[PDB]
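Number of protein chains: 8
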Amino acid sequence: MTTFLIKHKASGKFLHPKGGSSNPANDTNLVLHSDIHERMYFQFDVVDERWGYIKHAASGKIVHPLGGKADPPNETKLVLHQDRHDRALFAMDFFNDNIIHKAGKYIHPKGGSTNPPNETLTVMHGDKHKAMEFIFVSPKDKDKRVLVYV
Amino acid sequence: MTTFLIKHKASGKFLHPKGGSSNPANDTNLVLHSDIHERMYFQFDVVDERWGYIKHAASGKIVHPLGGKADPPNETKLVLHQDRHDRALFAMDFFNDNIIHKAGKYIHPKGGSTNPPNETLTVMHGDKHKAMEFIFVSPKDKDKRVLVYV
Amino acid sequence: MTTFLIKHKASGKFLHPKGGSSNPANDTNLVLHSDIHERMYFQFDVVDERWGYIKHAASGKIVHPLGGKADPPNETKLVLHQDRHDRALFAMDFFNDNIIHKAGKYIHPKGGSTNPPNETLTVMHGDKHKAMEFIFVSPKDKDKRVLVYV
Amino acid sequence: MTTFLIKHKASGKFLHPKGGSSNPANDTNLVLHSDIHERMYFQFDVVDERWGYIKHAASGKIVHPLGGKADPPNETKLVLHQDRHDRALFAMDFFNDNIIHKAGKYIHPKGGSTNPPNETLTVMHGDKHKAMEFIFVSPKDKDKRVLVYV
Amino acid sequence: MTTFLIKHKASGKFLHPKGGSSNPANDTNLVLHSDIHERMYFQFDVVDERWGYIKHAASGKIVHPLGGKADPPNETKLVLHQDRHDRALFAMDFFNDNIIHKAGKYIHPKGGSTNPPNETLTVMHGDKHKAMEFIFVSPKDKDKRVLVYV
Amino acid sequence: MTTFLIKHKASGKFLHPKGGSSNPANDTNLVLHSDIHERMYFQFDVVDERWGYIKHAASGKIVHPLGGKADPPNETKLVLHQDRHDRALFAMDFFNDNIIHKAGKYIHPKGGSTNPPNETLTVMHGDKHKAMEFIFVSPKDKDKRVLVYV
Amino acid sequence: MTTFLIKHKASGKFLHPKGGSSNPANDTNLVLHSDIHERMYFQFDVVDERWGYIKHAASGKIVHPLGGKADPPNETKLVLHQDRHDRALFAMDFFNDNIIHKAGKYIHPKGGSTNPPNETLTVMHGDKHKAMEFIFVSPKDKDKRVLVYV
Amino acid sequence: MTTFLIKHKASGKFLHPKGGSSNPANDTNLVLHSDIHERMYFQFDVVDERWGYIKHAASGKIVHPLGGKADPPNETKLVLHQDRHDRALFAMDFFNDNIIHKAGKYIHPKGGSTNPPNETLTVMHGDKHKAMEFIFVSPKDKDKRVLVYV
Ligand SMILES: OC[C@H]1O[C@H](OC[C@H]2O[C@H](O[C@]3(CO)O[C@H](CO)[C@@H](O)[C@@H]3O)[C@H](O)[C@@H](O)[C@@H]2O)[C@H](O)[C@@H](O)[C@H]1O
Ligand SMILES: OC[C@H]1O[C@H](OC[C@H]2O[C@H](O[C@]3(CO)O[C@H](CO)[C@@H](O)[C@@H]3O)[C@H](O)[C@@H](O)[C@@H]2O)[C@H](O)[C@@H](O)[C@H]1O
Ligand SMILES: OC[C@H]1O[C@H](OC[C@H]2O[C@H](O[C@]3(CO)O[C@H](CO)[C@@H](O)[C@@H]3O)[C@H](O)[C@@H](O)[C@@H]2O)[C@H](O)[C@@H](O)[C@H]1O
Ligand SMILES: OC[C@H]1O[C@H](OC[C@H]2O[C@H](O[C@]3(CO)O[C@H](CO)[C@@H](O)[C@@H]3O)[C@H](O)[C@@H](O)[C@@H]2O)[C@H](O)[C@@H](O)[C@H]1O
Ligand SMILES: OC[C@H]1O[C@H](OC[C@H]2O[C@H](O[C@]3(CO)O[C@H](CO)[C@@H](O)[C@@H]3O)[C@H](O)[C@@H](O)[C@@H]2O)[C@H](O)[C@@H](O)[C@H]1O
Ligand SMILES: OC[C@H]1O[C@H](OC[C@H]2O[C@H](O[C@]3(CO)O[C@H](CO)[C@@H](O)[C@@H]3O)[C@H](O)[C@@H](O)[C@@H]2O)[C@H](O)[C@@H](O)[C@H]1O
Ligand SMILES: OC[C@H]1O[C@H](OC[C@H]2O[C@H](O[C@]3(CO)O[C@H](CO)[C@@H](O)[C@@H]3O)[C@H](O)[C@@H](O)[C@@H]2O)[C@H](O)[C@@H](O)[C@H]1O
Ligand SMILES: OC[C@H]1O[C@H](OC[C@H]2O[C@H](O[C@]3(CO)O[C@H](CO)[C@@H](O)[C@@H]3O)[C@H](O)[C@@H](O)[C@@H]2O)[C@H](O)[C@@H](O)[C@H]1O
Ligand SMILES: OC[C@H]1O[C@H](OC[C@H]2O[C@H](O[C@]3(CO)O[C@H](CO)[C@@H](O)[C@@H]3O)[C@H](O)[C@@H](O)[C@@H]2O)[C@H](O)[C@@H](O)[C@H]1O
Ligand SMILES: OC[C@H]1O[C@H](OC[C@H]2O[C@H](O[C@]3(CO)O[C@H](CO)[C@@H](O)[C@@H]3O)[C@H](O)[C@@H](O)[C@@H]2O)[C@H](O)[C@@H](O)[C@H]1O
Ligand SMILES: OC[C@H]1O[C@H](OC[C@H]2O[C@H](O[C@]3(CO)O[C@H](CO)[C@@H](O)[C@@H]3O)[C@H](O)[C@@H](O)[C@@H]2O)[C@H](O)[C@@H](O)[C@H]1O
Ligand SMILES: OC[C@H]1O[C@H](OC[C@H]2O[C@H](O[C@]3(CO)O[C@H](CO)[C@@H](O)[C@@H]3O)[C@H](O)[C@@H](O)[C@@H]2O)[C@H](O)[C@@H](O)[C@H]1O
Ligand SMILES: OC[C@H]1O[C@H](OC[C@H]2O[C@H](O[C@]3(CO)O[C@H](CO)[C@@H](O)[C@@H]3O)[C@H](O)[C@@H](O)[C@@H]2O)[C@H](O)[C@@H](O)[C@H]1O
Ligand SMILES: OC[C@H]1O[C@H](OC[C@H]2O[C@H](O[C@]3(CO)O[C@H](CO)[C@@H](O)[C@@H]3O)[C@H](O)[C@@H](O)[C@@H]2O)[C@H](O)[C@@H](O)[C@H]1O
Ligand SMILES: OC[C@H]1O[C@H](OC[C@H]2O[C@H](O[C@]3(CO)O[C@H](CO)[C@@H](O)[C@@H]3O)[C@H](O)[C@@H](O)[C@@H]2O)[C@H](O)[C@@H](O)[C@H]1O
Ligand SMILES: OC[C@H]1O[C@H](OC[C@H]2O[C@H](O[C@]3(CO)O[C@H](CO)[C@@H](O)[C@@H]3O)[C@H](O)[C@@H](O)[C@@H]2O)[C@H](O)[C@@H](O)[C@H]1O
Ligand SMILES: OC[C@H]1O[C@H](OC[C@H]2O[C@H](O[C@]3(CO)O[C@H](CO)[C@@H](O)[C@@H]3O)[C@H](O)[C@@H](O)[C@@H]2O)[C@H](O)[C@@H](O)[C@H]1O
Ligand SMILES: OC[C@H]1O[C@H](OC[C@H]2O[C@H](O[C@]3(CO)O[C@H](CO)[C@@H](O)[C@@H]3O)[C@H](O)[C@@H](O)[C@@H]2O)[C@H](O)[C@@H](O)[C@H]1O
Ligand SMILES: OC[C@H]1O[C@H](O)[C@H](O)[C@@H](O)[C@H]1O
Ligand SMILES: OC[C@H]1O[C@H](O)[C@H](O)[C@@H](O)[C@H]1O
Ligand SMILES: [Ca+2]
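Protein chains in written order, with our numbering: chain A, 2 to 151; chain B, 2 to 151; chain C, 2 to 151; chain D, 2 to 151; chain E, 2 to 151; chain F, 2 to 151; chain G, 2 to 151; chain H, 2 to 151.
So, in structure tokens, the structure goes:
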């Protein structure tokens, strides 16, 4: 119900749908971009305890591994899509500051840079480090963390 | 951009947010009113084939059954609300001239009159008849139908 | 812009040009056939709100009443022809699941059977019933309806 | 609003008020005990993102470091007290499975045993290890984790 | 005694009798279909360790290779028949997620597609891949696996 | 209910409690022995679909990884213990012919021999090969497989 | 391996399998009888502190509440059965001179007589009184108590 | 052989030799104290059915009524002594949770308090109540009852 920004901790860029559309088509990539606007706001819909759907606020589309596989390999691109199923389940780990897929991999910027340029893609990948950390912040204050499970 | 007016076919009144605000609050009632102006313009964002969100152009808020239930009972009030989810999915049936919710009920004027007075609320109701028919027309020509899926 | 199959709902057969050619000559009849291939893919080119041209993807030819009359009588054969004009305008009614001509008659299998055999001609006819119903589906998923007005 | 048990992961014992009362007096010690009953149910009242009050369901008393200091030293006993203030703020880290105080120390069984006996006190302590891990489970199923931030 | 749905893992469609009847005639072909209802529930009657009869719950008819041969060739259609005999013995391999006939071939969708359309026939075939995998799930929860050997 | 022998496929030895006791004490090691007698009979108590407890028939004690950890390391010795909990859950894979722990490792003879000598210990280990294969056979016929999920 | 007779204190009769067989069938009733012979000798196999299995020496079958329920109602018959599990756990209280089931009821002669006749059934019942008292004596000296916990 | 702590049930204190020596002098008093260490571990040497010697683990001395009389009166102090004879015979009643001497009196805290101070003497007394109850627990887990007769 409460919206938030998905902030790449190391760079301060944010998770965007590639193109900034309020109704991006299915299979649109999610990229990192510095801009802030209501078409990059997200919500989280809890399904089972920690697990839920990361939902693009403007369109209602949720985050999927491209292809919708249960255990996607490293470098699988992340995309938006209307389908709901248990292969698009993520947890918003606001204590270790990362986003983990049901199958155990994390959301990374493609290439692992602490300062990725605008339009940089995001991918699934199993490594843990400072460049795959994300924090969840208020649309009205990019430095104020908000609870995404409420 | 593809804007239209939601015209009650039998009376020629139009769907308005109650109060005519460019920024109606969440849970603002949708009423019928004779007036035409920018704050009663609508858009339609396709989600899944025929299904999508009916969006108030001035505010970006979309049409919901009050309470957001998947299968709202007859007389459930229709409101505007910022959330996007599957219980706010409608189809714009421009062949039978009605607006159908994902769960199979239609938008009606409350009371079912062919000539409802100004400020009459709209509600969900399962019946099909002449007084729940709507057509989708150009803001600049209230008699010209326009394609809302485009 | 969007490619689809025209599937006869009652039988699961599809609309084909007679002979299955990627360049059927002008006035080639349109028939029903069980086969699937890219020479039976169609597109829809919107002209005026609901009205547009039903286009054979492989040849660019569009659906016409044979003879190109504005108000064709019942049993008028449907053919492919390269010409674009007003008398070849149809609407794709995906709510009642039929194909309606500008003058108000519908596309039928000749004889009105729910299970017409392969090579059955198609004709214009004014009746509405289960055997003149068509749905518009993805070439890669004959059970998934797609939006043709896009 | 969601009621849960605070289960010490290594031993399977639970957090109790010392004495098991439905109205333990102010400054009653929190202990570990194997028993399950309504007087060891807890709730969590969110105050500011991750931070909130750990609330004894039966009495409404919340968890405090004894003395209520902002930055309590190691071995500070944990007690129940009715007062609400910022020195009683905790986070329920359900990803690393621990309970952290606003000043950065964690809830431990006194002595750090993986199998603390019934009546063992709990204390603030800065170390992180397997014996200070807690999970938050359903009262009707001690192995089913539940979301405490809802 | 345990009722389940036979879900094609790759597509999420289910095994149906062709036509969906509660009493399909002998030699009715088994197909894949997305629908769920009481006439696609199955049971498994153990005969000899892993081997038994796959039984259509509504009719009591069991799965046979068409013609009832002991060692059916690839592409042999699967049908329902009331007879019980050794050539209708199958095992429900819930570890590798497939259905194996006594003679060593597996149940496949005809053509081996990961997304077979509704009414796709099923056939015996010797290949093993992700297009011939099936899981056995609860009639009330299509994602919950159930034990069929009881 | 059905009692069976757990036979090491490569050698024909069986899983015994080290000592052949009808009531072996807690933490008694599970070793391979050629002998057959009622004190090496096992049962399987289903808990959740494929998962259950491997139970020593004579004593009612079940198989545990030594230490009872959820994710035991390679070479962890498997022993008998009277406790029931979700870290002693196994599956009896009679299609691939192995015994898998809830955390994904398999029961092996210590050392991985196709011909393990009497009193060879058994351990958890993640590798898959011919020397860790087991089949489940009738006490009255060591070559007749029996269904353990019954 | 300590063998004993279960002597009804008030009458001096003994617990027998109905029929006196060295191999009583599963679900054979346990009755009181005056006779002494090796086919009414019992053993006790400690499982958890005070709790264990009461074992018929000649057959290895143990005492069960008929039906094997965890909390059997009053008048539930006691039988012999080969299965080992938690619902067949008893304690031999040689201080208060009774036999208590894990769920808290005691072994009684059916009807509660201080002098029940031969072939009197035994049942579970919650009452404590003189007629449900039993002592555990040497087979070779019916007045010498022996310690059954060994 | 089994080693245990003698725990006063009402207070949670334990039986100690006065002063806690690993070799108490003969006739050293037995007292209650809250400390746990190896100089207050006990064992039970079974002599005749329920009767045996309560042996101090550290010294091998056993519990005696001071004076070694067969029928000690109320308030007779309990001491440790090396002598082994029948006037030092006790039974460990783990069903009624008490320690009874062969002449029929019980071990009590002197004064019968539910919560006696450290160094409270123990005496013989015929009374039965909550304050003379003891349980027998594991040296690694003061809450786990252990069977002292094996
Ligand atoms: O990416 C998330 C999406 O993954 C899966 O859907 C993939 C894709 O399937 C279909 O696309 C095509 C064309 O119709 O289908 C075949 C499947 O191999 C491909 O050639 C091609 O991508 C759908 O039409 C697409 O909308 C869809 O994105 C999964 O099934 C989805 O639920 C979703 O998780
Ligand atoms: O994309 C996510 C990934 O970004 C970083 O790695 C990018 C790197 O991936 C591949 O290089 C290798 C070899 O396959 O992968 C590891 C990282 O897992 C690198 O050490 C190694 O070069 C591509 O071949 C490269 O082109 C690309 O630069 C980051 O290091 C990873 O943790 C992860 O975030
Ligand atoms: O009606 C569309 C809207 O319905 C749901 O949100 C309803 C409403 O919830 C809150 O209002 C109250 C205040 O507690 O909450 C309950 C409903 O749970 C009502 O009794 C009362 O009005 C919020 O304050 C409102 O902003 C919110 O609109 C649903 O959750 C929404 O997604 C949407 O579908
Ligand atoms: O609000 C939309 C609704 O208006 C009319 O129905 C209002 C009507 O509903 C109920 O009356 C009944 C009972 O369901 O409805 C039918 C007619 O639909 C009547 O036989 C019966 O009175 C309420 O109890 C009444 O207060 C209220 O008058 C219209 O008829 C509906 O089709 C629909 O447009
Ligand atoms: O009309 C739709 C249909 O066109 C093509 O098939 C036409 C017809 O051709 C072949 O059958 C035969 C034998 O070659 O061809 C002549 C046509 O005059 C007939 O005498 C005879 O049936 C095809 O094998 C048949 O399927 C078909 O009936 C095209 O091949 C079809 O896919 C379909 O598009
Ligand atoms: O069938 C659709 C087509 O109808 C019209 O064109 C018909 C047809 O006319 C000419 O063919 C003939 C003979 O030359 O003329 C009559 C009709 O006037 C026909 O019986 C016969 O085939 C042309 O030579 C053909 O090209 C043409 O198809 C109309 O004008 C077209 O736009 C189109 O709608
Ligand atoms: O071709 C499409 C058409 O097929 C069926 O009608 C064929 C039918 O038409 C005429 O029969 C009658 C009598 O004039 O016309 C009406 C309209 O269909 C029929 O009720 C009646 O049989 C021809 O004279 C007949 O020879 C021919 O069989 C179908 O019934 C129509 O709905 C339509 O789909
Ligand atoms: O502190 C949590 C615990 O409180 C209650 O149990 C206390 C205590 O009860 C029994 O111990 C004794 C003696 O039997 O009973 C009184 C009651 O306070 C104690 O002074 C004394 O130790 C039990 O034997 C112990 O398990 C327990 O520690 C409550 O009943 C428990 O459920 C639990 O909430
Ligand atoms: O422990 C949590 C509690 O700490 C603070 O209150 C402590 C304590 O203060 C008073 O109790 C006494 C006796 O009057 O006062 C001193 C501390 O000043 C203590 O040694 C002693 O217990 C109150 O009467 C008690 O209610 C209170 O528990 C703090 O003020 C509370 O908000 C709370 O955090
Ligand atoms: O075969 C399994 C399937 O059987 C039933 O559905 C059959 C069919 O129903 C509809 O199609 C029609 C109209 O009733 O039925 C025949 C069957 O071939 C077709 O000619 C005609 O289109 C649906 O449109 C189809 O999806 C469906 O295949 C049953 O109702 C299903 O639940 C299922 O069990
Ligand atoms: O298909 C499973 C079925 O196979 C065997 O029976 C086949 C079938 O035999 C008869 O059907 C036909 C036509 O009458 O007979 C020939 C084969 O002889 C086939 O071309 C055709 O299907 C019977 O009329 C059917 O009842 C019967 O199903 C086998 O005997 C059955 O037990 C069963 O396994
Ligand atoms: O029906 C299930 C089957 O579907 C696919 O095979 C269909 C395919 O089989 C044959 O094609 C080849 C060439 O002989 O045979 C093998 C499979 O045996 C294929 O690799 C290869 O294409 C037929 O000749 C074709 O007409 C037919 O389309 C799938 O490949 C199989 O695994 C199985 O799932
Ligand atoms: O091996 C299966 C067994 O593992 C776990 O228990 C281990 C062990 O715990 C106790 O033994 C000791 C000493 O009493 O207790 C600690 C663990 O708390 C160990 O370091 C030490 O061995 C029991 O007395 C033993 O019986 C037990 O085997 C697990 O807790 C058990 O449920 C079971 O899975
Ligand atoms: O005991 C289970 C294990 O047995 C076999 O593997 C033994 C051991 O082999 C390798 O490790 C070495 C090298 O041979 O062997 C000893 C321990 O036995 C170690 O000092 C040394 O690293 C492998 O790396 C290990 O997997 C394994 O522990 C058998 O081959 C294994 O599959 C497994 O069954
Ligand atoms: O069999 C063990 C049982 O024997 C005696 O109870 C037998 C008693 O049971 C039923 O009568 C009642 C009422 O239905 O059940 C309670 C059980 O105590 C009795 O108060 C009451 O009579 C039978 O229908 C009666 O005929 C029969 O008298 C004995 O009372 C129990 O303590 C126990 O030893
Ligand atoms: O009697 C049982 C008791 O003996 C030992 O303690 C006796 C001892 O207590 C006091 O000494 C100290 C310090 O005050 O008290 C604790 C025990 O309460 C000891 O750690 C420490 O020495 C008295 O001051 C002494 O006069 C008296 O002899 C033993 O240490 C205890 O564990 C316990 O077994
Ligand atoms: O306390 C248990 C102890 O009692 C008996 O021994 C008592 C005591 O006797 C001797 O001590 C004296 C003096 O020599 O004798 C009287 C007892 O009659 C005491 O007042 C006095 O101390 C021995 O010298 C002591 O060693 C001995 O403890 C009994 O004989 C012992 O077996 C034992 O049960
Ligand atoms: O020492 C164990 C004993 O302690 C308590 O009794 C102490 C009590 O004993 C005598 O009091 C009387 C009368 O003289 O004797 C009985 C003994 O129970 C008491 O009811 C009564 O008061 C002493 O004369 C008293 O000074 C002394 O207080 C406890 O009551 C007993 O159960 C037992 O635990
Ligand atoms: O279903 C009731 C319905 O009856 C007629 O259709 C009227 O036109 C409507 O106003 C409504 O009252
Ligand atoms: O509860 C019934 C019970 O009543 C008394 O206690 C008798 O002594 C028993 O024989 C029995 O009949
Ligand atoms: Ca038949």
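Every residue, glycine too, gets a C-beta built ideally from N, C-alpha and C.
Could you check whether residue j and residue i sit closer than 8 Å to each other, using their CB atoms as the reference points?
i, j, result
"residue 110/A", "residue 123/A", "yes"
"residue 23/A", "residue 59/A", "yes"
"residue 35/H", "residue 115/H", "no"
So which of the options has the shortest CA-CA distance to residue i?
i, options, result
"residue 88/H", "54/H, 113/H, 121/H and 131/H", "54/H"
"residue 45/B", "39/B, 57/B, 36/B and 34/B", "57/B"
"residue 37/C", "30/C, 8/C, 64/C and 62/C", "8/C"
"residue 120/D", "14/D, 149/D, 86/D and 82/D", "14/D"
"residue 81/A", "67/A, 10/A, 48/A and 134/A", "67/A"
"residue 1/F", "129/F, 40/F and 48/F", "No statement about residue 1/F is possible, as the shown extent of chain F runs from 2 to 151 and does not include it."
What are the partner residues of residue i, as DSSP defines its beta bridges?
i, result
"residue 100/E", "93/E"
What does the alpha-carbon distance come out to for the pair residue i and residue j?
i, j, result
"residue 84/E", "residue 112/E", "28 Å"
"residue 117/D", "residue 28/D", "21 Å"
Query raised in the report: Which residues are close to ligand 14, meaning CB closer than 5 Å to any heavy atom, in chain order?
Result: Per the CB criterion, closer than 5 Å to any heavy atom of ligand 14, the qualifying residues run in chain order as 109/F, 111/F, 112/F, 113/F, 126/F and 128/F.
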